[PDB]
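These notes are about the structure you will find just below.
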Amino acid sequence: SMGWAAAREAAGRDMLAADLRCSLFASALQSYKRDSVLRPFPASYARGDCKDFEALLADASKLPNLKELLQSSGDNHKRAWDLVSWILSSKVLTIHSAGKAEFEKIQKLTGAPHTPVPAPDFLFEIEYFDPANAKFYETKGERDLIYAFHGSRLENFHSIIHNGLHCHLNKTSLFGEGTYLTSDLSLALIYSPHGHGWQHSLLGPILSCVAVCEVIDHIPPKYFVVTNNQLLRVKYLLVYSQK
Ligand SMILES: O=c1[nH]ncc(-n2cc3ccc(OC4CCNCC4)cc3c2)c1C(F)(F)F
């Protein structure tokens, strides 16, 4: 993972994106489903197979807000900087705050809404690095990209960002295999109830989040299903902050 000085620079470049990542980490950690949804898990809190969730919950509770972490601390917050450095580290991707200009663009790409939908409070774009970025464009070849929504409980988004959407392979289920997506945000939103994020977040403590996926083309509103995880990636996050 990045060292502290590098993490401080990365967080300073985009405080809201860094905050989002700390918020989604807190949501996955605080969930009763932490065992399955906090993946990836920070290795410094694991003894081989044994994940020390109580030590991690305690240290997450001691994190100051990101403004305090950056503006004073250098060696005032050793454990905090170790954890936040890990949260903000990835060789695969990074996240960028985007403007309400970008929400219009998302509507243009997904379709004019058939149903009234709320505008997100925050919008983020995921940028992929190689090899994952080149691999996705290799898989795409000349096929078109379509943009579709996938709602989920807040405590799944740490895993969704780092691992992609779960593409279930269970012929043993009512819903069968695949990832469900829709071009109607009002249908995706039903799958994105408010959850608890981070009490020290710039975004606010209570968030809903909807993924916008890039899919390689290959009443109620209409949904579709993708069974091959190489054919989609999460490209945007729509974040709604409860008032
Ligand atoms: O955003 C989403 N987040 N998670 C789930 C999900 N999704 C939509 C569904 C519609 C219907 C259905 O029902 C089955 C269909 C087969 N037969 C038995 C019932 C399951 C769905 C799961 C969506 C969406 F809208 F993008 F697709």
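Numbering starts at 1 and runs along the chain as displayed.
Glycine is treated like the rest: Cβ placed from N, Cα and C.
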* Structure fact -> Of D35, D75, the residue that Swiss-Prot annotates as ADP-ribosyl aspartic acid is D35
* Write down the residue from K100, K135, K171 that Swiss-Prot flags as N6-(ADP-ribosyl)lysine. => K135
* According to Swiss-Prot, which residue among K78, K108, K140 is annotated as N6-(ADP-ribosyl)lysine? -> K108
* Swiss-Prot annotation, ADP-ribosyl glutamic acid - which of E54, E68, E102, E177 -> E68
* Asked: Can you pick which of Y45, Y128, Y180 Swiss-Prot lists for the same NAD(+) site as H150, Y223?
  -> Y180
* Structure fact -> Sparsest Cβ environment (other Cβ within 10 Å) among modified residues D35, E68 belongs to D35
* Of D35, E68, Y191, the recorded positions listed, which put a C-beta under 6 Å from ligand 1? Please answer none if none do. => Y191
* Run through the domain 'PARP alpha-helical' (3-89) and tell me, per DSSP, how many residues are helix, strand and coil. => 59 helix, 4 strand, 24 coil
* Asked: Could you give the Cα distance in Å between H218 and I219, the residues bounding a stretch of 29 unmodelled residues?
  -> 26
